[PDB]
file coords-v9.pdb (PDB, N, CA and C atoms)
ATOM      1  N   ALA Z   1     -48.970-108.889 156.399
ATOM      2  CA  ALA Z   1     -50.371-109.001 156.769
ATOM      3  C   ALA Z   1     -50.934-110.327 156.295
ATOM      4  N   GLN Z   2     -51.926-110.834 157.028
ATOM      5  CA  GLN Z   2     -52.641-112.062 156.681
ATOM      6  C   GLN Z   2     -54.099-111.653 156.472
ATOM      7  N   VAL Z   3     -54.391-111.113 155.287
ATOM      8  CA  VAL Z   3     -55.717-110.593 154.970
ATOM      9  C   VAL Z   3     -55.803-110.300 153.478
ATOM     10  N   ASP Z   4     -56.998-110.417 152.909
ATOM     11  CA  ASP Z   4     -57.205-110.089 151.508
ATOM     12  C   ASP Z   4     -57.199-108.580 151.307
ATOM     13  N   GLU Z   5     -56.865-108.160 150.086
ATOM     14  CA  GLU Z   5     -56.804-106.740 149.755
ATOM     15  C   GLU Z   5     -56.763-106.546 148.244
ATOM     16  N   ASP Z   6     -57.560-105.613 147.726
ATOM     17  CA  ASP Z   6     -57.607-105.306 146.303
ATOM     18  C   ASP Z   6     -57.556-103.801 146.091
ATOM     19  N   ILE Z   7     -57.113-103.413 144.897
ATOM     20  CA  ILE Z   7     -57.243-102.041 144.417
ATOM     21  C   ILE Z   7     -57.484-102.108 142.918
ATOM     22  N   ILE Z   8     -57.635-100.954 142.278
ATOM     23  CA  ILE Z   8     -57.706-100.859 140.826
ATOM     24  C   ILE Z   8     -56.614 -99.904 140.367
ATOM     25  N   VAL Z   9     -55.726-100.400 139.506
ATOM     26  CA  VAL Z   9     -54.565 -99.623 139.092
ATOM     27  C   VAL Z   9     -54.875 -98.692 137.932
ATOM     28  N   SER Z  10     -55.937 -98.951 137.180
ATOM     29  CA  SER Z  10     -56.238 -98.122 136.026
ATOM     30  C   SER Z  10     -57.609 -98.498 135.496
ATOM     31  N   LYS Z  11     -58.340 -97.485 135.048
ATOM     32  CA  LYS Z  11     -59.724 -97.650 134.644
ATOM     33  C   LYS Z  11     -59.801 -98.422 133.329
ATOM     34  N   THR Z  12     -61.025 -98.651 132.862
ATOM     35  CA  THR Z  12     -61.249 -99.574 131.763
ATOM     36  C   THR Z  12     -60.589 -99.084 130.478
ATOM     37  N   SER Z  13     -60.510 -99.993 129.508
ATOM     38  CA  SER Z  13     -59.866 -99.719 128.235
ATOM     39  C   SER Z  13     -60.395-100.699 127.198
ATOM     40  N   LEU Z  14     -60.197-100.349 125.931
ATOM     41  CA  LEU Z  14     -60.704-101.137 124.818
ATOM     42  C   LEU Z  14     -59.689-102.181 124.390
ATOM     43  N   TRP Z  15     -60.186-103.359 124.021
ATOM     44  CA  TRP Z  15     -59.353-104.409 123.447
ATOM     45  C   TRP Z  15     -60.131-105.103 122.344
ATOM     46  N   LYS Z  16     -59.543-105.133 121.156
ATOM     47  CA  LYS Z  16     -60.039-105.917 120.039
ATOM     48  C   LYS Z  16     -59.348-107.272 120.053
ATOM     49  N   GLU Z  17     -60.082-108.318 119.687
ATOM     50  CA  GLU Z  17     -59.499-109.630 119.445
ATOM     51  C   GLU Z  17     -59.472-109.869 117.944
ATOM     52  N   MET Z  18     -58.310-110.275 117.441
ATOM     53  CA  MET Z  18     -58.026-110.281 116.017
ATOM     54  C   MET Z  18     -57.266-111.548 115.674
ATOM     55  N   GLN Z  19     -57.333-111.929 114.401
ATOM     56  CA  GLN Z  19     -56.659-113.117 113.898
ATOM     57  C   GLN Z  19     -55.483-112.702 113.027
ATOM     58  N   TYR Z  20     -54.307-113.230 113.346
ATOM     59  CA  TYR Z  20     -53.119-113.119 112.512
ATOM     60  C   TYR Z  20     -52.750-114.522 112.068
ATOM     61  N   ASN Z  21     -52.692-114.739 110.758
ATOM     62  CA  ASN Z  21     -52.520-116.077 110.198
ATOM     63  C   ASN Z  21     -51.374-116.002 109.196
ATOM     64  N   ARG Z  22     -50.142-116.082 109.692
ATOM     65  CA  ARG Z  22     -48.956-115.948 108.856
ATOM     66  C   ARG Z  22     -48.362-117.324 108.618
ATOM     67  N   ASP Z  23     -47.413-117.398 107.697
ATOM     68  CA  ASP Z  23     -46.661-118.616 107.450
ATOM     69  C   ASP Z  23     -45.282-118.459 108.068
ATOM     70  N   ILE Z  24     -44.704-119.586 108.470
ATOM     71  CA  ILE Z  24     -43.488-119.579 109.269
ATOM     72  C   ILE Z  24     -42.520-120.623 108.739
ATOM     73  N   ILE Z  25     -41.235-120.302 108.865
ATOM     74  CA  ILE Z  25     -40.133-121.159 108.457
ATOM     75  C   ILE Z  25     -39.192-121.227 109.653
ATOM     76  N   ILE Z  26     -39.305-122.285 110.451
ATOM     77  CA  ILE Z  26     -38.452-122.481 111.617
ATOM     78  C   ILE Z  26     -37.306-123.385 111.203
ATOM     79  N   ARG Z  27     -36.072-122.934 111.414
ATOM     80  CA  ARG Z  27     -34.902-123.770 111.184
ATOM     81  C   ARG Z  27     -34.013-123.744 112.416
ATOM     82  N   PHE Z  28     -33.376-124.879 112.685
ATOM     83  CA  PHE Z  28     -32.692-125.104 113.950
ATOM     84  C   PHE Z  28     -31.649-126.193 113.762
ATOM     85  N   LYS Z  29     -30.621-126.170 114.610
ATOM     86  CA  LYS Z  29     -29.568-127.178 114.601
ATOM     87  C   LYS Z  29     -29.354-127.689 116.017
ATOM     88  N   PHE Z  30     -29.328-129.010 116.171
ATOM     89  CA  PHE Z  30     -29.176-129.623 117.480
ATOM     90  C   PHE Z  30     -27.845-129.223 118.112
ATOM     91  N   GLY Z  31     -27.686-129.593 119.380
ATOM     92  CA  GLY Z  31     -26.445-129.373 120.099
ATOM     93  C   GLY Z  31     -26.011-130.587 120.886
ATOM     94  N   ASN Z  32     -24.749-130.968 120.727
ATOM     95  CA  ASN Z  32     -24.185-132.142 121.370
ATOM     96  C   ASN Z  32     -23.011-131.725 122.240
ATOM     97  N   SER Z  33     -22.985-132.244 123.464
ATOM     98  CA  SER Z  33     -21.895-132.019 124.400
ATOM     99  C   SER Z  33     -21.193-133.344 124.645
ATOM    100  N   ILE Z  34     -19.881-133.362 124.431
ATOM    101  CA  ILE Z  34     -19.054-134.547 124.616
ATOM    102  C   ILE Z  34     -17.952-134.175 125.594
ATOM    103  N   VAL Z  35     -17.698-135.046 126.566
ATOM    104  CA  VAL Z  35     -16.708-134.784 127.603
ATOM    105  C   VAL Z  35     -15.977-136.078 127.924
ATOM    106  N   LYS Z  36     -14.680-135.964 128.192
ATOM    107  CA  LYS Z  36     -13.858-137.116 128.519
ATOM    108  C   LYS Z  36     -14.233-137.656 129.896
ATOM    109  N   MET Z  37     -13.556-138.730 130.287
ATOM    110  CA  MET Z  37     -13.551-139.225 131.655
ATOM    111  C   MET Z  37     -12.108-139.306 132.121
ATOM    112  N   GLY Z  38     -11.873-138.942 133.379
ATOM    113  CA  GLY Z  38     -10.529-138.970 133.916
ATOM    114  C   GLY Z  38      -9.928-140.355 133.831
ATOM    115  N   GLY Z  39      -8.965-140.536 132.937
ATOM    116  CA  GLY Z  39      -8.381-141.847 132.737
ATOM    117  C   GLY Z  39      -7.492-141.854 131.507
ATOM    118  N   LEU Z  40      -7.245-143.065 131.008
ATOM    119  CA  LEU Z  40      -6.349-143.225 129.870
ATOM    120  C   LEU Z  40      -6.898-142.555 128.619
ATOM    121  N   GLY Z  41      -8.216-142.395 128.527
ATOM    122  CA  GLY Z  41      -8.841-141.826 127.348
ATOM    123  C   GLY Z  41      -9.618-142.857 126.560
ATOM    124  N   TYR Z  42     -10.273-143.768 127.276
ATOM    125  CA  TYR Z  42     -11.110-144.796 126.680
ATOM    126  C   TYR Z  42     -12.549-144.759 127.169
ATOM    127  N   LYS Z  43     -12.843-143.999 128.219
ATOM    128  CA  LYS Z  43     -14.178-143.903 128.790
ATOM    129  C   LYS Z  43     -14.702-142.494 128.558
ATOM    130  N   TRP Z  44     -15.875-142.395 127.943
ATOM    131  CA  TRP Z  44     -16.548-141.123 127.729
ATOM    132  C   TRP Z  44     -17.701-141.026 128.716
ATOM    133  N   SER Z  45     -17.633-140.039 129.612
ATOM    134  CA  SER Z  45     -18.604-139.961 130.697
ATOM    135  C   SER Z  45     -19.961-139.482 130.204
ATOM    136  N   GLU Z  46     -19.979-138.498 129.309
ATOM    137  CA  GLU Z  46     -21.223-137.903 128.843
ATOM    138  C   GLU Z  46     -21.132-137.622 127.355
ATOM    139  N   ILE Z  47     -22.122-138.096 126.610
ATOM    140  CA  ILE Z  47     -22.382-137.643 125.250
ATOM    141  C   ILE Z  47     -23.889-137.423 125.190
ATOM    142  N   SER Z  48     -24.316-136.179 125.400
ATOM    143  CA  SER Z  48     -25.718-135.857 125.612
ATOM    144  C   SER Z  48     -26.085-134.605 124.834
ATOM    145  N   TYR Z  49     -27.373-134.485 124.533
ATOM    146  CA  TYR Z  49     -27.874-133.290 123.880
ATOM    147  C   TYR Z  49     -27.687-132.077 124.779
TER
ATOM    148  N   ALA G   1    -123.308 -77.920 107.747
ATOM    149  CA  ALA G   1    -122.188 -78.852 107.762
ATOM    150  C   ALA G   1    -121.042 -78.363 108.632
ATOM    151  N   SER G   2    -121.246 -77.263 109.356
ATOM    152  CA  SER G   2    -120.188 -76.764 110.219
ATOM    153  C   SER G   2    -119.857 -77.734 111.339
ATOM    154  N   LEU G   3    -120.747 -78.679 111.639
ATOM    155  CA  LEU G   3    -120.549 -79.521 112.809
ATOM    156  C   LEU G   3    -119.451 -80.544 112.623
ATOM    157  N   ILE G   4    -118.845 -80.660 111.443
ATOM    158  CA  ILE G   4    -117.726 -81.586 111.283
ATOM    159  C   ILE G   4    -116.601 -81.220 112.238
ATOM    160  N   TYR G   5    -116.243 -79.940 112.283
ATOM    161  CA  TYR G   5    -115.125 -79.526 113.119
ATOM    162  C   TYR G   5    -115.470 -79.663 114.594
ATOM    163  N   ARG G   6    -116.680 -79.253 114.977
ATOM    164  CA  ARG G   6    -117.118 -79.442 116.354
ATOM    165  C   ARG G   6    -117.064 -80.909 116.744
ATOM    166  N   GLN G   7    -117.526 -81.790 115.860
ATOM    167  CA  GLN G   7    -117.545 -83.211 116.168
ATOM    168  C   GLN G   7    -116.137 -83.761 116.304
ATOM    169  N   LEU G   8    -115.229 -83.363 115.413
ATOM    170  CA  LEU G   8    -113.861 -83.859 115.504
ATOM    171  C   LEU G   8    -113.204 -83.405 116.800
ATOM    172  N   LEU G   9    -113.365 -82.128 117.153
ATOM    173  CA  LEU G   9    -112.808 -81.650 118.414
ATOM    174  C   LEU G   9    -113.415 -82.384 119.603
ATOM    175  N   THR G  10    -114.739 -82.549 119.618
ATOM    176  CA  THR G  10    -115.388 -83.159 120.773
ATOM    177  C   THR G  10    -115.001 -84.623 120.918
ATOM    178  N   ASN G  11    -114.923 -85.350 119.808
ATOM    179  CA  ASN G  11    -114.634 -86.774 119.821
ATOM    180  C   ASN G  11    -113.146 -87.081 119.785
ATOM    181  N   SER G  12    -112.286 -86.059 119.801
ATOM    182  CA  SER G  12    -110.845 -86.259 119.705
ATOM    183  C   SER G  12    -110.278 -87.233 120.735
ATOM    184  N   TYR G  13    -111.002 -87.514 121.821
ATOM    185  CA  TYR G  13    -110.478 -88.400 122.856
ATOM    186  C   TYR G  13    -110.177 -89.801 122.327
ATOM    187  N   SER G  14    -110.841 -90.227 121.250
ATOM    188  CA  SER G  14    -110.628 -91.574 120.726
ATOM    189  C   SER G  14    -109.219 -91.777 120.183
ATOM    190  N   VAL G  15    -108.492 -90.697 119.899
ATOM    191  CA  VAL G  15    -107.126 -90.856 119.434
ATOM    192  C   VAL G  15    -106.248 -91.478 120.502
ATOM    193  N   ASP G  16    -106.630 -91.390 121.775
ATOM    194  CA  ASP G  16    -105.904 -92.133 122.799
ATOM    195  C   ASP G  16    -106.028 -93.631 122.560
ATOM    196  N   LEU G  17    -107.235 -94.092 122.238
ATOM    197  CA  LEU G  17    -107.427 -95.498 121.913
ATOM    198  C   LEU G  17    -106.630 -95.869 120.672
ATOM    199  N   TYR G  18    -106.629 -94.984 119.677
ATOM    200  CA  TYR G  18    -105.858 -95.236 118.463
ATOM    201  C   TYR G  18    -104.365 -95.330 118.766
ATOM    202  N   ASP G  19    -103.872 -94.466 119.653
ATOM    203  CA  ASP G  19    -102.471 -94.515 120.050
ATOM    204  C   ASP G  19    -102.151 -95.824 120.750
ATOM    205  N   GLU G  20    -103.052 -96.289 121.615
ATOM    206  CA  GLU G  20    -102.841 -97.583 122.252
ATOM    207  C   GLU G  20    -102.778 -98.694 121.213
ATOM    208  N   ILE G  21    -103.664 -98.644 120.218
ATOM    209  CA  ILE G  21    -103.680 -99.674 119.183
ATOM    210  C   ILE G  21    -102.370 -99.688 118.411
ATOM    211  N   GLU G  22    -101.924 -98.524 117.939
ATOM    212  CA  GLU G  22    -100.690 -98.518 117.161
ATOM    213  C   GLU G  22     -99.492 -98.887 118.029
ATOM    214  N   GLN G  23     -99.526 -98.548 119.321
ATOM    215  CA  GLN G  23     -98.466 -98.980 120.224
ATOM    216  C   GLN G  23     -98.426-100.497 120.340
ATOM    217  N   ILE G  24     -99.591-101.133 120.468
ATOM    218  CA  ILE G  24     -99.634-102.592 120.521
ATOM    219  C   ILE G  24     -99.154-103.183 119.204
ATOM    220  N   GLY G  25     -99.497-102.540 118.091
ATOM    221  CA  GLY G  25     -99.080-103.054 116.799
ATOM    222  C   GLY G  25     -97.580-102.980 116.592
ATOM    223  N   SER G  26     -96.967-101.869 116.992
ATOM    224  CA  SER G  26     -95.572-101.622 116.657
ATOM    225  C   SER G  26     -94.643-102.567 117.406
ATOM    226  N   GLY G  27     -93.634-103.066 116.697
ATOM    227  CA  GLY G  27     -92.531-103.725 117.360
ATOM    228  C   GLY G  27     -91.693-102.738 118.147
ATOM    229  N   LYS G  28     -90.889-103.273 119.062
ATOM    230  CA  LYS G  28     -90.164-102.463 120.030
ATOM    231  C   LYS G  28     -88.703-102.889 120.072
ATOM    232  N   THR G  29     -87.839-101.924 120.380
ATOM    233  CA  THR G  29     -86.427-102.157 120.644
ATOM    234  C   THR G  29     -86.061-101.337 121.874
ATOM    235  N   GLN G  30     -84.768-101.223 122.162
ATOM    236  CA  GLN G  30     -84.314-100.553 123.375
ATOM    237  C   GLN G  30     -82.804-100.361 123.267
ATOM    238  N   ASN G  31     -82.229 -99.673 124.250
ATOM    239  CA  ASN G  31     -80.800 -99.400 124.296
ATOM    240  C   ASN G  31     -80.169 -99.988 125.552
ATOM    241  N   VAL G  32     -78.845-100.092 125.495
ATOM    242  CA  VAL G  32     -78.007-100.738 126.499
ATOM    243  C   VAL G  32     -76.998 -99.714 126.998
ATOM    244  N   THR G  33     -77.465 -98.493 127.270
ATOM    245  CA  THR G  33     -76.727 -97.243 127.098
ATOM    246  C   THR G  33     -75.211 -97.339 127.242
ATOM    247  N   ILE G  34     -74.516 -96.788 126.246
ATOM    248  CA  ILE G  34     -73.079 -96.970 126.103
ATOM    249  C   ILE G  34     -72.341 -96.334 127.275
ATOM    250  N   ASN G  35     -71.136 -96.854 127.557
ATOM    251  CA  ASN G  35     -70.269 -96.308 128.594
ATOM    252  C   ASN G  35     -69.300 -95.296 127.995
ATOM    253  N   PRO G  36     -69.182 -94.090 128.545
ATOM    254  CA  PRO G  36     -67.997 -93.272 128.274
ATOM    255  C   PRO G  36     -66.858 -93.676 129.201
ATOM    256  N   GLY G  37     -65.685 -93.115 128.933
ATOM    257  CA  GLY G  37     -64.526 -93.355 129.761
ATOM    258  C   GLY G  37     -63.496 -94.366 129.275
ATOM    259  N   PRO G  38     -63.429 -94.669 127.943
ATOM    260  CA  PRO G  38     -62.174 -95.159 127.357
ATOM    261  C   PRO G  38     -61.149 -94.059 127.082
ATOM    262  N   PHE G  39     -60.851 -93.258 128.105
ATOM    263  CA  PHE G  39     -59.892 -92.168 127.969
ATOM    264  C   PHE G  39     -58.451 -92.621 128.142
ATOM    265  N   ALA G  40     -58.212 -93.904 128.417
ATOM    266  CA  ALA G  40     -56.863 -94.424 128.643
ATOM    267  C   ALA G  40     -56.784 -95.810 128.007
ATOM    268  N   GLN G  41     -56.351 -95.854 126.753
ATOM    269  CA  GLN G  41     -55.974 -97.129 126.162
ATOM    270  C   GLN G  41     -54.732 -97.656 126.869
ATOM    271  N   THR G  42     -54.644 -98.979 126.994
ATOM    272  CA  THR G  42     -53.614 -99.638 127.788
ATOM    273  C   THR G  42     -52.800-100.582 126.917
ATOM    274  N   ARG G  43     -51.479-100.408 126.929
ATOM    275  CA  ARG G  43     -50.591-101.290 126.191
ATOM    276  C   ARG G  43     -50.398-102.593 126.963
ATOM    277  N   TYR G  44     -49.759-103.569 126.316
ATOM    278  CA  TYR G  44     -49.604-104.877 126.941
ATOM    279  C   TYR G  44     -48.759-104.815 128.207
ATOM    280  N   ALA G  45     -47.462-104.578 128.038
ATOM    281  CA  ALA G  45     -46.477-104.633 129.106
ATOM    282  C   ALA G  45     -45.113-104.349 128.496
ATOM    283  N   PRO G  46     -44.075-104.141 129.287
ATOM    284  CA  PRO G  46     -42.717-104.266 128.743
ATOM    285  C   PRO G  46     -42.354-105.736 128.597
ATOM    286  N   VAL G  47     -42.306-106.200 127.350
ATOM    287  CA  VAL G  47     -42.143-107.608 127.011
ATOM    288  C   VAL G  47     -40.806-107.784 126.313
ATOM    289  N   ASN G  48     -40.035-108.766 126.767
ATOM    290  CA  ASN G  48     -38.746-109.109 126.188
ATOM    291  C   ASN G  48     -38.744-110.586 125.830
ATOM    292  N   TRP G  49     -38.268-110.914 124.636
ATOM    293  CA  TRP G  49     -38.297-112.285 124.152
ATOM    294  C   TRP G  49     -36.982-112.984 124.461
ATOM    295  N   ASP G  50     -37.071-114.249 124.874
ATOM    296  CA  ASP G  50     -35.871-115.016 125.177
ATOM    297  C   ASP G  50     -36.145-116.495 124.972
ATOM    298  N   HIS G  51     -35.066-117.260 124.848
ATOM    299  CA  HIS G  51     -35.193-118.707 124.788
ATOM    300  C   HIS G  51     -35.764-119.236 126.097
ATOM    301  N   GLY G  52     -36.490-120.343 126.000
ATOM    302  CA  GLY G  52     -37.167-120.906 127.150
ATOM    303  C   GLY G  52     -36.219-121.513 128.162
ATOM    304  N   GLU G  53     -36.701-122.492 128.923
ATOM    305  CA  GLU G  53     -35.929-123.088 130.012
ATOM    306  C   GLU G  53     -35.131-124.261 129.461
ATOM    307  N   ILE G  54     -33.849-124.019 129.190
ATOM    308  CA  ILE G  54     -32.972-125.086 128.732
ATOM    309  C   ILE G  54     -32.846-126.136 129.822
ATOM    310  N   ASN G  55     -32.879-127.405 129.418
ATOM    311  CA  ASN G  55     -32.845-128.522 130.356
ATOM    312  C   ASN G  55     -31.425-129.075 130.424
ATOM    313  N   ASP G  56     -30.599-128.426 131.235
ATOM    314  CA  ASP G  56     -29.203-128.810 131.354
ATOM    315  C   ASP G  56     -29.042-129.990 132.306
ATOM    316  N   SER G  57     -27.872-130.620 132.233
ATOM    317  CA  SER G  57     -27.512-131.685 133.164
ATOM    318  C   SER G  57     -25.993-131.755 133.206
TER
END
call {"tool": "encode", "arguments": {"input": "coords-v9.pdb", "output": "structure tokens"}}
result
Amino acid sequence: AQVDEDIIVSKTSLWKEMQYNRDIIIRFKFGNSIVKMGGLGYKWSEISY
Amino acid sequence: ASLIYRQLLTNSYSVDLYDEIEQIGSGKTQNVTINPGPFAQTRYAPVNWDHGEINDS
């Protein structure tokens, strides 16, 4: 169909807005991909994150 | 002195004026009448956490 259309799936409900203020410790390790190039073994085609 | 009661009854109409005066004097408030029908609290969704869009090449 090429026309607007609406319904209501469920009647009203309560929502509180609240503040959560925690401390965080993010730790992570990079990633490296290394791949040869078809040849004698002197050309590296990709060394990328 | 019996006429005190007769006079008060007969002149009682002035209490309407007194009521108007105290009505003008008094501050006023009002209501925003509350809605019933929070009979269905609604949860967020089925939410699953995952790593974002890795930028491969």
call {"tool": "resolve_selection", "arguments": {"input": "coords-v9.pdb", "expression": "the ChimeraX specification (/Z@CA @<12) & /G@CA", "output": "PyMOL selection string"}}
result
chain G and resi 35-44+54-57
call {"tool": "atom_distance", "arguments": {"input": "coords-v9.pdb", "atom1": "atom N of residue 19 of chain G", "atom2": "atom CA of residue 1 of chain G"}}
result
26.8 Å
call {"tool": "atom_distance", "arguments": {"input": "coords-v9.pdb", "atom1": "atom N of residue 46 of chain G", "atom2": "atom C of residue 9 of chain Z"}}
result
14.9 Å
call {"tool": "atom_distance", "arguments": {"input": "coords-v9.pdb", "atom1": "atom N of residue 6 of chain G", "atom2": "atom C of residue 21 of chain G"}}
result
25.2 Å
call {"tool": "axis_aligned_box", "arguments": {"input": "coords-v9.pdb", "around": "segment 23-29 of chain Z", "padding_each_side": "8 Å", "output": "AutoDock Vina command-line options"}}
result
--center_x -38.4 --center_y -122.5 --center_z 111.7 --size_x 34.1 --size_y 26.3 --size_z 24.6
call {"tool": "select_by_dssp", "arguments": {"input": "coords-v9.pdb", "residues": "chain Z", "states": "strand (DSSP E)", "output": "count of residues only"}}
result
9
call {"tool": "select_by_dssp", "arguments": {"input": "coords-v9.pdb", "residues": "chain G", "states": "helix (DSSP H, G or I)", "output": "list in words"}}
result
residues 3, 4, 5, 6, 7, 8, 9, 10, 11, 14, 15, 16, 17, 18, 19, 20, 21, 22, 23, 24 and 25 of chain G
call {"tool": "residues_near_point", "arguments": {"input": "coords-v9.pdb", "point": "(-25.4, -135.2, 123.4)", "cutoff": "6 Å", "atoms": "all atoms listed in the file", "output": "short mmCIF file (atom, residue, chain, number, x, y, z; two decimals) with N, CA and C atoms, in the frame of the given file"}}
result
data_model
loop_
_atom_site.label_atom_id
_atom_site.label_comp_id
_atom_site.auth_asym_id
_atom_site.auth_seq_id
_atom_site.Cartn_x
_atom_site.Cartn_y
_atom_site.Cartn_z
N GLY Z 31 -27.69 -129.59 119.38
CA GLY Z 31 -26.44 -129.37 120.10
C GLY Z 31 -26.01 -130.59 120.89
N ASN Z 32 -24.75 -130.97 120.73
CA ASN Z 32 -24.18 -132.14 121.37
C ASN Z 32 -23.01 -131.72 122.24
N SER Z 33 -22.98 -132.24 123.46
CA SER Z 33 -21.90 -132.02 124.40
C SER Z 33 -21.19 -133.34 124.64
N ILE Z 34 -19.88 -133.36 124.43
CA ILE Z 34 -19.05 -134.55 124.62
C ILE Z 34 -17.95 -134.18 125.59
N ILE Z 47 -22.12 -138.10 126.61
CA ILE Z 47 -22.38 -137.64 125.25
C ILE Z 47 -23.89 -137.42 125.19
N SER Z 48 -24.32 -136.18 125.40
CA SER Z 48 -25.72 -135.86 125.61
C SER Z 48 -26.08 -134.60 124.83
N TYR Z 49 -27.37 -134.49 124.53
CA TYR Z 49 -27.87 -133.29 123.88
C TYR Z 49 -27.69 -132.08 124.78
#
call {"tool": "decode", "arguments": {"input": "coords-v9.pdb", "residues": "segment 10-27 of chain G", "atoms": "N, CA, C and O atoms", "output": "PDB file, in the first residue's frame"}}
result
ATOM      1  N   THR G  10     -33.392  38.349  60.310  1.00  0.00           N
ATOM      2  CA  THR G  10     -33.875  39.191  59.221  1.00  0.00           C
ATOM      3  C   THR G  10     -32.726  39.720  58.377  1.00  0.00           C
ATOM      4  O   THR G  10     -32.826  39.769  57.148  1.00  0.00           O
ATOM      5  N   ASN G  11     -31.629  40.117  59.014  1.00  0.00           N
ATOM      6  CA  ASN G  11     -30.493  40.707  58.326  1.00  0.00           C
ATOM      7  C   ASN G  11     -29.489  39.676  57.838  1.00  0.00           C
ATOM      8  O   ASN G  11     -28.464  40.057  57.267  1.00  0.00           O
ATOM      9  N   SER G  12     -29.765  38.383  58.028  1.00  0.00           N
ATOM     10  CA  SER G  12     -28.830  37.329  57.648  1.00  0.00           C
ATOM     11  C   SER G  12     -28.368  37.396  56.195  1.00  0.00           C
ATOM     12  O   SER G  12     -27.355  36.777  55.856  1.00  0.00           O
ATOM     13  N   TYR G  13     -29.085  38.110  55.324  1.00  0.00           N
ATOM     14  CA  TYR G  13     -28.709  38.161  53.915  1.00  0.00           C
ATOM     15  C   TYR G  13     -27.314  38.747  53.704  1.00  0.00           C
ATOM     16  O   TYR G  13     -26.669  38.451  52.694  1.00  0.00           O
ATOM     17  N   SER G  14     -26.828  39.573  54.634  1.00  0.00           N
ATOM     18  CA  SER G  14     -25.519  40.199  54.465  1.00  0.00           C
ATOM     19  C   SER G  14     -24.378  39.190  54.480  1.00  0.00           C
ATOM     20  O   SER G  14     -23.264  39.507  54.036  1.00  0.00           O
ATOM     21  N   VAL G  15     -24.614  37.982  54.991  1.00  0.00           N
ATOM     22  CA  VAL G  15     -23.565  36.978  54.969  1.00  0.00           C
ATOM     23  C   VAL G  15     -23.205  36.587  53.549  1.00  0.00           C
ATOM     24  O   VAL G  15     -22.110  36.079  53.319  1.00  0.00           O
ATOM     25  N   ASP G  16     -24.095  36.802  52.581  1.00  0.00           N
ATOM     26  CA  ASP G  16     -23.708  36.606  51.189  1.00  0.00           C
ATOM     27  C   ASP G  16     -22.609  37.584  50.798  1.00  0.00           C
ATOM     28  O   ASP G  16     -21.624  37.207  50.147  1.00  0.00           O
ATOM     29  N   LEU G  17     -22.754  38.846  51.200  1.00  0.00           N
ATOM     30  CA  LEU G  17     -21.713  39.828  50.940  1.00  0.00           C
ATOM     31  C   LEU G  17     -20.426  39.439  51.651  1.00  0.00           C
ATOM     32  O   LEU G  17     -19.329  39.564  51.095  1.00  0.00           O
ATOM     33  N   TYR G  18     -20.550  38.960  52.887  1.00  0.00           N
ATOM     34  CA  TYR G  18     -19.373  38.521  53.633  1.00  0.00           C
ATOM     35  C   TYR G  18     -18.684  37.350  52.938  1.00  0.00           C
ATOM     36  O   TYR G  18     -17.449  37.272  52.904  1.00  0.00           O
ATOM     37  N   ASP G  19     -19.470  36.416  52.402  1.00  0.00           N
ATOM     38  CA  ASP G  19     -18.907  35.291  51.668  1.00  0.00           C
ATOM     39  C   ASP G  19     -18.175  35.765  50.425  1.00  0.00           C
ATOM     40  O   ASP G  19     -17.098  35.258  50.096  1.00  0.00           O
ATOM     41  N   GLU G  20     -18.747  36.737  49.715  1.00  0.00           N
ATOM     42  CA  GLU G  20     -18.050  37.293  48.561  1.00  0.00           C
ATOM     43  C   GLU G  20     -16.729  37.923  48.979  1.00  0.00           C
ATOM     44  O   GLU G  20     -15.708  37.756  48.302  1.00  0.00           O
ATOM     45  N   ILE G  21     -16.730  38.650  50.096  1.00  0.00           N
ATOM     46  CA  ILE G  21     -15.507  39.297  50.564  1.00  0.00           C
ATOM     47  C   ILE G  21     -14.436  38.266  50.884  1.00  0.00           C
ATOM     48  O   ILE G  21     -13.283  38.398  50.459  1.00  0.00           O
ATOM     49  N   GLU G  22     -14.782  37.245  51.667  1.00  0.00           N
ATOM     50  CA  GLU G  22     -13.761  36.264  52.020  1.00  0.00           C
ATOM     51  C   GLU G  22     -13.314  35.473  50.797  1.00  0.00           C
ATOM     52  O   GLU G  22     -12.149  35.069  50.719  1.00  0.00           O
ATOM     53  N   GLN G  23     -14.207  35.259  49.828  1.00  0.00           N
ATOM     54  CA  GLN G  23     -13.805  34.615  48.583  1.00  0.00           C
ATOM     55  C   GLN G  23     -12.784  35.458  47.832  1.00  0.00           C
ATOM     56  O   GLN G  23     -11.794  34.930  47.313  1.00  0.00           O
ATOM     57  N   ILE G  24     -13.008  36.770  47.760  1.00  0.00           N
ATOM     58  CA  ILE G  24     -12.039  37.650  47.110  1.00  0.00           C
ATOM     59  C   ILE G  24     -10.726  37.648  47.877  1.00  0.00           C
ATOM     60  O   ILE G  24      -9.642  37.715  47.286  1.00  0.00           O
ATOM     61  N   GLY G  25     -10.800  37.593  49.205  1.00  0.00           N
ATOM     62  CA  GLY G  25      -9.586  37.598  50.000  1.00  0.00           C
ATOM     63  C   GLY G  25      -8.757  36.341  49.817  1.00  0.00           C
ATOM     64  O   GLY G  25      -7.529  36.406  49.708  1.00  0.00           O
ATOM     65  N   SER G  26      -9.412  35.184  49.776  1.00  0.00           N
ATOM     66  CA  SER G  26      -8.696  33.917  49.805  1.00  0.00           C
ATOM     67  C   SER G  26      -7.927  33.683  48.512  1.00  0.00           C
ATOM     68  O   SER G  26      -8.425  33.946  47.414  1.00  0.00           O
ATOM     69  N   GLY G  27      -6.704  33.176  48.652  1.00  0.00           N
ATOM     70  CA  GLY G  27      -6.002  32.637  47.509  1.00  0.00           C
ATOM     71  C   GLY G  27      -6.646  31.355  47.022  1.00  0.00           C
ATOM     72  O   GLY G  27      -7.424  30.710  47.725  1.00  0.00           O
TER      73      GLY G  27
END
